[PDB]
Amino acid sequence: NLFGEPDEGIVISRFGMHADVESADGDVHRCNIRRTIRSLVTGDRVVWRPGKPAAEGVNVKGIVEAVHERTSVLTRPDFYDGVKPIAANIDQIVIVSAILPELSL
RNA sequence: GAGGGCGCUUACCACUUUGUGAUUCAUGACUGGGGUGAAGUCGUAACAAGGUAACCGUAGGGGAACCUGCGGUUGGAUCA
Ligand SMILES: [Mg+2]
Ligand SMILES: [Mg+2]
Ligand SMILES: [Mg+2]
């Protein structure tokens, strides 16, 4: 409760119980998520509010309220896990491989 | 004179000092695991004969669930 300013920002990472949300200027600010969120991935623009600092200048978390529409999505299914999206909202993929341990085709 | 007092000295001994142990609390870089986490990643181990029957003890292996070797049990199916 007692949330802050609704704004657009880019999610840095995903940690299940919470997520790292970068603001519109480059501020690392971790936030938890809304219970109605079906999925949240790395690099997804969201609607979020950075809570309210209890101590003056020292805040713990904010919340991520809403999720914008997807440009792309990387959904890969799995046995006994179902279809799970990994990443989204991307234009280019770079397949990176090495000769060690193996280089398969 | 007898005797007493003072003073001195000795015995006992508190506090106090050094050397060096035992024990206890607080602090403590670092470090060992474990628990609590529905949505995160990695795999599909076990529960059906769960797709190499499982489990226990022990040794070795490797991100990991685990696997292999030896021995035992049925808390195993199908089987005469
Ligand atoms: Mg299995
Ligand atoms: Mg099995
Ligand atoms: Mg056996």
# chains A, B, ... in the order shown; residues from 1 in each chain; ligands from 1
call {"tool": "residues_near_ligand", "arguments": {"ligand": "ligand 3", "cutoff": "10 Å", "atoms": "only C-alpha atoms (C1' of nucleotides) and all ligand atoms", "output": "list in words"}}
result
residues 54, 55, 56, 70, 71, 72 and 73 of chain B
call {"tool": "interface_residues", "arguments": {"of": "chain A", "to": "chain B", "cutoff": "8 Å", "atoms": "only C-alpha atoms (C1' of nucleotides)", "output": "PyMOL selection string"}}
result
chain A and resi 14-17+39
call {"tool": "closest_residue", "arguments": {"among": "B:43, B:76, B:61, B:34", "to": "ligand 1", "atoms": "only C-alpha atoms (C1' of nucleotides) and all ligand atoms"}}
result
B:43
call {"tool": "residues_near_ligand", "arguments": {"ligand": "ligand 1", "cutoff": "8 Å", "atoms": "only C-alpha atoms (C1' of nucleotides) and all ligand atoms", "output": "ChimeraX atom specification"}}
result
/B:44-46,50
call {"tool": "residues_around", "arguments": {"residues": "residue A:61", "least_positions_apart": "6", "cutoff": "7 Å", "atoms": "only C-alpha atoms (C1' of nucleotides)", "output": "list in words"}}
result
residues 30, 31, 32, 50 and 51 of chain A
call {"tool": "write_last_selection", "arguments": {"atoms": "N, CA and C atoms", "output": "compact mmCIF listing (two decimals), in the first residue's frame"}}
result
# COMPACT_ATOMS: atom_id res chain seq x y z
N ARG A 30 14.36 -1.88 -7.07
CA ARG A 30 13.67 -3.16 -7.04
C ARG A 30 12.23 -3.01 -6.57
N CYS A 31 11.33 -3.77 -7.20
CA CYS A 31 9.90 -3.69 -6.92
C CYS A 31 9.30 -5.09 -6.94
N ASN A 32 8.22 -5.27 -6.18
CA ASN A 32 7.48 -6.52 -6.26
C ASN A 32 6.39 -6.38 -7.32
N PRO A 50 6.74 3.53 -7.28
CA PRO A 50 7.84 3.15 -6.39
C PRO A 50 7.53 3.25 -4.90
N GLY A 51 6.36 2.78 -4.48
CA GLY A 51 6.00 2.72 -3.06
C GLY A 51 5.95 4.08 -2.40
